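Here is the structure we will look at, set down as structure tokens.
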Amino acid sequence: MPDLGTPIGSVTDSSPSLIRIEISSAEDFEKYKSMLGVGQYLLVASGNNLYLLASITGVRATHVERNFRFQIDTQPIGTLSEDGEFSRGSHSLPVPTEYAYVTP
Amino acid sequence: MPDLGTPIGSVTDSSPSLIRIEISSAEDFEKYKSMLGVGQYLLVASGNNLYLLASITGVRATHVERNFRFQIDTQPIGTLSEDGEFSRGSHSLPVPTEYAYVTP
Amino acid sequence: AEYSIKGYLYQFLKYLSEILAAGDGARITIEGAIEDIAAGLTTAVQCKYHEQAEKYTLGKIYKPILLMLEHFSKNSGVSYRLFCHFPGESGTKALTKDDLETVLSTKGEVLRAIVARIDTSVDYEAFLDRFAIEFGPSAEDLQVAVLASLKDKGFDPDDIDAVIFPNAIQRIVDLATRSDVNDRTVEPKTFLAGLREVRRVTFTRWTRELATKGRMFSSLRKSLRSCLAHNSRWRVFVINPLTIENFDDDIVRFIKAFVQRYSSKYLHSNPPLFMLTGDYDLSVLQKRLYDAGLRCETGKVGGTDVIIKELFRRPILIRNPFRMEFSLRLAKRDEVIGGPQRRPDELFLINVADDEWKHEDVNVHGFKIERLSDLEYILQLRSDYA
Amino acid sequence: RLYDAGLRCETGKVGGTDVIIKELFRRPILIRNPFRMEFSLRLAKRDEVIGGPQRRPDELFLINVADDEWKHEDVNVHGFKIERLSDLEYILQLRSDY
Amino acid sequence: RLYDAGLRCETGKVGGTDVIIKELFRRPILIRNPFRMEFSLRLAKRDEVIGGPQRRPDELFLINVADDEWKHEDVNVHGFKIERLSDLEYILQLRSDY
């Protein structure tokens, strides 16, 4: 409902039981490192006026020169609407090129 | 607290459960070979004014031409601030390009 | 000379207890100690302190009287006082003429040596009318009483010890000694609001020698930890070098420490900035830092005037082998005009009242220092202080 | 004017008026992909430059100068005489025709 | 002088003035990447070299000399007469124009 803020990243691979997210910059990760550990939560957009709440199950960091790549694996727990209604059970699937935010 | 010397190597991959360090110079490795065996402890940097302790679980050495590669696999045990306090349990994540030191 | 500050410390602290315990609509003013043109005809006083005896015997305390009488000898208008603590004594005690002569008397070999220095023709009865003596209790209990009183007044418990009380006594010490045109009296109503509105910390000669010395540094050190942990963030410094001692020599030490701890890494993208206010010559410091090993970013293409876009740019960084195009930024405040596109995350004002870069979404920490080592300690560069 | 045009230069000056030999004859940082250069050119005033270099130059170009100290028997000197700079651009292959 | 210029020579001398032939016509060490040459040129006086090579030379350039002991029917023996050294620089394709 409130202003969520600037996003951390975008979706790369999706599935009913798994979502993968990628961060590309070290500043943002160093900034929100506290909020990205196992067991905390993230909000993934799935269409207008809808959001999914996902639990982190893994982080992975690598440096390669063809630069940094950070990968976050998540598991879906439920849906949250714009008004505020929260419903367990998720039918929707998030399409790639969709933003992810940290939970206020 | 004391001067910790000059780094042996740098992080290449990180995770909550594994850190992989790489050495590229034979002279350095021979210099500290005594203190890099399995069971012995290393200090990794995670930000300014904070260190993490890790335990060696594996060492691999390969020479390939297309010079030297030395890989060290580590499993964190806790953190050690500059002032000299130790705490078990680290949810932190070191970012690549950081430095590793031998424990005096 | 002896310059036994504990006496003046007791005196200003007792005045502070008075001011905190004062009626509305009352003006209280103080006389500036001598040791600082001798402004004020009879607004000067000198003191000593001593509290080691089981019972009150005037004999043991010979020493203060000699120098005080000599002090009266040296010049004429200007009062003199004293404070000491022994068990079983309160109030003021007037010595007699024979008793002061006995103090004059060469009871010991040192005293026979000293008496010769004082002139033969000197007042004694007029001197006693001119000089009185005051008793005191244990000093630590007094410093505790001041803080307990302020607690009773009503303040946040944590904020009192760290910031409120040293800055409060600082005003007393400024008033006691100054060379300017202004009043010398303090009314509690206007006094209190000033301290409650403004937030800053002070480290100086008198502040060091207090009861809560250790508790002062750490409380501040602990605030800045969250900030200095980060690898990448904008930091800005503003120093005014008039008051600081041995600036030319220590500044290099401080800069080398700060760079070696906070700007010698590949993840340290944004270096810091130092801005000095005054009539300073930067070329010398720049050359010395060059000899040290570092390289600076001045902002000048032609050594006439500064360009903002060039001063705030990002340097080239190579990983293995590691190099930095530049490790710091240096400039003079006056010359700079305008502001950066992005606001500072932190701004450190040292010996400075106001700056135009301030804003609501920018942190501002302020200090008042006489030695730079206290800042090296505050920023985790060194382990101990004094 | 060179900065206004889009170029960065190395002068050897460190704050002060004095010129240092090491900083002028310095190798620059070069990043391949993406391409960036610490500096493209070096500029100086002769009289302020005192001393000599570490490696004697491979070519030295004298344009309306009679003698210079660095003239040596292992340096490929070339002495000219010009009226306008457009001539030299022809000599150095910059423009197609006189 | 050639050292100051940036080159390295092989003279065939193991300390002593005498010239050991088997150590002047040896093969150098060559790394490809990164490139490096143990030595780039050989240099010696003629009167000192007493002997001959195990394998004969393909071409022999004699400049301003009549006869030598290494002439034979199975070698391409060129002979010139010149008074300045630029002439040879033209013949050998170092300088574009006479």
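Residue numbers (our numbering), protein chains in the order written: chain A, 18 to 121; chain B, 18 to 121; chain C, 46 to 431; chain D, 102 to 199; chain E, 102 to 199.
Ideal Cβ placement from N, Cα and C applies to all residues, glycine included.
Residue 64(C) sits close to residue 233(C), with the two beta carbons spaced by under 7 angstroms. Per DSSP, residue 239(C) is one residue of the alpha helix (DSSP H) stretching across 233-242. No residue range can be given for residue 52(A), since it is assigned to no beta strand (DSSP E) and is classified by DSSP as neither H nor E. Sorting 55(B), 79(B), 62(B) and 61(B) by C-alpha distance to the C-alpha of residue 41(B) places 79(B) at the top. It is roughly 15 angstroms from the alpha-carbon of residue 390(C) to the alpha-carbon of residue 307(C). Proximity of chain A to residue 108(B) at the Cβ level (cut-off 7 angstroms) is accounted for by 54, in chain order. Looking at the backbone, the Cα of residue 296(C) and that of residue 248(C) are separated by about 18 angstroms.
Relative to the Cα of residue 103(C), the nearest Cα in the group 144(C), 135(C) and 83(C) belongs to 144(C).
Pairing residue 97(B) with residue 58(B) gives a Cβ-Cβ distance that is not under 7 angstroms.
Only those residues of the stretch 263-292 of chain C whose C-beta falls short of 7 angstroms from the nearest C-beta of chain A are listed: 275, 276 and 277. Secondary structure remark: continuous alpha helix (DSSP H) runs of at least 4 residues inside the stretch 155-231 of chain C, in chain order: 170-175, 184-198 and 210-221. Taking a contact to require three or more Cβ pairs closer than 8 angstroms, the stretch 230-244 of chain C and the stretch 21-29 of chain B do not qualify as touching.
Its chain contains 113, 114, 145, 149 and 150 as the residues whose beta carbon lies nearer than 7 angstroms to that of residue 120(E), once the 5 sequence neighbours on both sides are disregarded; these appear in chain order.
Less than 7 angstroms divides the Cβ of residue 28(A) from the Cβ of residue 113(A). In this structure, the alpha-carbon of residue 228(C) lies about 21 angstroms from that of residue 242(C).
For the pair residue 280(C) and residue 411(C), the CB atoms are not nearer than the 7 angstroms cut-off. The Cβ of residue 114(B) sits closer than 7 angstroms to at least one Cβ of chain C.
Of all residues in the stretch 355-385 of chain C, those with a C-beta nearer than 7 angstroms to a C-beta of chain D are 361, 363, 368 and 370, reading in chain order.
Interface residue (Cβ-Cβ distance to chain D less than 7 angstroms): residue 308(C) is not classified as such.
Taking the Cα positions, residue 197(D) is about 7 angstroms away from residue 191(D). As computed with DSSP, residue 137(D) is found in a beta bridge with 132(D).
The shortest C-alpha to C-alpha distance from residue 117(A) to any of 99(A), 103(A), 89(A) and 82(A) is the one to 89(A). In its chain, beyond the 5 residues on either side, 70, 103, 104, 105, 106 and 107 have a beta carbon closer than 7 angstroms to the beta carbon of residue 95(B).
Between the stretch 148-164 of chain C and the stretch 124-135 of chain C there are fewer than three inter-stretch CB-CB distances shorter than 8 angstroms, so the stretches are not counted as touching. Residue environment: residue 193(E) is assigned as exposed (fewer than 16 neighbouring CB atoms within 10 Å of its CB, all protein chains considered).
Contact between residue 72(C) and residue 230(C) holds, with the beta-carbon distance rounding to 4 angstroms and staying under 8 angstroms.
A residue is called buried once 16 or more other Cβ atoms fall within 10 Å of its Cβ, and residue 405(C), having fewer, is exposed.
Nearest CB-CB separation between residue 167(E) and chain D: not below the 7 angstroms threshold.
The beta carbon of residue 178(E) is closer than 6 angstroms to those of 161 and 172 in its chain, skipping five residues each way along the sequence. Going by beta carbons, residue 316(C) and residue 374(C) fall inside the 7 angstroms limit. Selection 93(B), 31(B) and 66(B) evaluated against residue 101(B) yields 66(B) as nearest (Cα-Cα). Taking all protein chains shown into account, residue 419(C) has 16 or more neighbouring C-beta atoms within 10 Å of its C-beta and is therefore buried. Residues of chain A with a Cβ closer than 9 angstroms to the Cβ of residue 31(B) are, in chain order, 76, 77, 78 and 79. Residues of the same chain with a CB within less than 6 angstroms of the CB of residue 122(D), apart from the 5 flanking positions on each side, are 152 in chain order.
Among the residues of the stretch 403-427 of chain C, none has a Cβ less than 7 angstroms away from any Cβ of chain D. For the stretch 309-328 of chain C, the beta-carbon criterion of a distance under 8 angstroms to any beta-carbon of chain A is satisfied by 312 and 314.
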